[PDB]
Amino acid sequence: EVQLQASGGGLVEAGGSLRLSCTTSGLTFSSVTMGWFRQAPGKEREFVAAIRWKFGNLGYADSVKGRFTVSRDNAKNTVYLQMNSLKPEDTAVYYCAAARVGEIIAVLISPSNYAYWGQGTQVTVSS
């Protein structure tokens, strides 16, 4: 009965920007580390960003550092990913993910540290 619902995404040109959002239901959102992963066609799922619930640290893949910004609004049970200066190599299906209530996960980039996964959102950046 835990559900992750994403909004945002779509088609942009190189240099454009997007904002993804992800809202949870059935979880105590304020005690859950949230993350964003992505998978390109034919390639493997890779880490994008993450934000902790207790120790406040942020996490980013090196390729998106400086261009992407992860944030959260606990009152709205929502996590956000602002994607600026988009490159064609950012084209992928983006997945919102959540760790478990109260869980302190050490390695943010490991997909196995997240138990709940959204359905995915297409992000295309052409030319």
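The first residue of the sequence shown is number 1, and the count goes up from there.
For this session: Using only the Cα atoms and their B-factors as the entry lists them, report which of 38-46 and 69-77 averages higher.
Result: Going by the record's values, the stretch with the higher mean is 38-46.
Problem set entry | Entry-reported Cα temperature factor of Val12, expressed as the chain third it lands in | Middle third.
Exercise. Based on the entry's values, in what third of the chain does the Cα temperature factor of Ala99 lie: lowest, middle or highest?
Worked result: Ranked within chain, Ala99 CA B lands in the middle tercile.
Problem set entry | Cα B factor band for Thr121 (lowest, middle or highest third within the chain) | Within its chain, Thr121 is a lowest-third residue by C-alpha B-factor, going by the deposited values.
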